[PDB]
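Engineer: Next one to model:
(one chain, ligands or ions: 2)
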Amino acid sequence: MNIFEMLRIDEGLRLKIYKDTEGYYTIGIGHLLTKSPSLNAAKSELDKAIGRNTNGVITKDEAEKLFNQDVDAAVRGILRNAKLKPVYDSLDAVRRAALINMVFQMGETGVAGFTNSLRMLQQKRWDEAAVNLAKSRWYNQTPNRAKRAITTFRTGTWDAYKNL
Ligand SMILES: [Cl-]
Ligand SMILES: [Cl-]
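Structural biologist: Numbering: from 1, shown residues only. Ligands and ions are numbered 1, 2, ... in the order given. Shown next is the protein structure:
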């Protein structure tokens, strides 16, 4: 198991524009297009991202390419973030993947706001951090996915993703 496989399980793969859990236009493997309520705005962002007139539909290769870019961007945002970087450096390989997952889903800013959980993770207080992470809108709105990430942080293994 690795970050790519992990996120592919959490986000799924859709080749036509769709609305995510928050109702935002998205495509591929969780690639957010726009928070705007307009399909046109979404189609236009898609074309700009792919480099062609797509008509709201892309191929698998195109989806994977956006995915690669997005993971890279997520890692780069963590490393550039003063609050995130120290946490990430302190963690093992499996838990790093869970932090990337969260950044991919909610953005650097969002994650950087979990101050208390971040400090617990850096301290290696696994159970405590897991309880604190669950007290969030994130867990209440997408509980199954949040549970998977939280279990990951708690155990340092891929058990939550094994079977999926
Ligand atoms: Cl892009
Ligand atoms: Cl969920």
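Engineer: contacts and neighbour counts: CA atoms only from here.
Structural biologist: OK.
Engineer: Quick one: residues contacting residue 7.
Structural biologist: 29, 101 (C-alpha atoms under 8 Å, 6 or more residues apart in numbering).
Engineer: gap between it and residue 39?
Structural biologist: 25 Å (C-alpha to C-alpha, to the nearest Å).
Engineer: What of residue 25?
Structural biologist: 7 Å.
Engineer: go on, residue 64?
Structural biologist: 22 Å.
Engineer: Next, residue 52: secondary structure please.
Structural biologist: Under DSSP: H, G, I helix; E, B strand; the rest coil, the three-state class of residue 52 is coil.
Engineer: same check, this time on residue 147
Structural biologist: Following three-state DSSP, the label given to residue 147 is helix.
Engineer: What of residue 154?
Structural biologist: Secondary structure, three-state DSSP: residue 154 is helix.
Engineer: Chain neighbours aside, what residue packs nearest to it?
Structural biologist: Spatial nearest neighbour of residue 154, excluding adjacent residues (C-alpha to C-alpha, 6 or more residues apart in numbering): residue 126 at 4.8 Å.
Engineer: Can you give me the neighbour number for residue 34?
Structural biologist: 17 (other C-alpha atoms under 10 Å).
Engineer: Residue 26: what's it in contact with?
Structural biologist: With C-alpha under 8 Å, 6+ apart, residue 26 has these contacts: 17, 18, 19, 20, 32, 33, 34, 42.
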